[PDB]
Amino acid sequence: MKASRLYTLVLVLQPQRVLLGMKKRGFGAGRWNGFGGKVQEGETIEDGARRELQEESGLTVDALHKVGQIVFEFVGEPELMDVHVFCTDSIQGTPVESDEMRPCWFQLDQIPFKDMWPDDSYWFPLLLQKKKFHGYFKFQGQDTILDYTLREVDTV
């Protein structure tokens, strides 16, 4: 069995658009993603997701709703990424560009799947339908899925 590290991912999803962030620097630059990062000691997962949304995008929110959980496994990495996925309830403020991330709105008929993590093509349609999900994806590198599971659930 493997150890897992906790991460968050937040989708700012409105009726006609979604906010994504383009990673600007380092390895993995050029891909659009939700907002999030590692959970820290002592905070709840939801509070970590709110904190990461603010640090990464400048947006604050009073509350999130949990919509999914996805485990990522990468060839050559023994540690699993356990990603807890949330959708915003309502947002305050404007998103802000940083040196690491550029936020941008996309209409929901222009979701930029080819420039997102490949797994998003599978689970983000469920998120758009207001369904909840559990997933697992094993990657070779950044682009190639070797194995995956995806299941709609009634409780995350």
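In case it trips you up, residue 1 is the first one in the sequence shown, and so on. Definition used throughout: the rigid core is the maximal C-alpha set that superposes within 1.5 Å between two forms.
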{"query": "Between 107 to 115 and 37 to 45, the one whose CA atoms sit farther away in 6 other deposited structures of this protein (rigid core aligned)", "finding": "37 to 45"}
{"query": "Per the entry, higher mean C-alpha B factor between 47 to 55 and 93 to 101", "finding": "93 to 101"}
{"query": "Between the two ranges 20 to 28 and 129 to 137, the one averaging a larger CA B factor in the entry", "finding": "20 to 28"}
{"query": "Largest Cα B-factor, entry values, listed residues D109, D115, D120, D62", "finding": "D62"}
{"query": "Selection from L6, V156, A3, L150 [criterion: highest C-alpha temperature factor in the record]", "finding": "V156"}
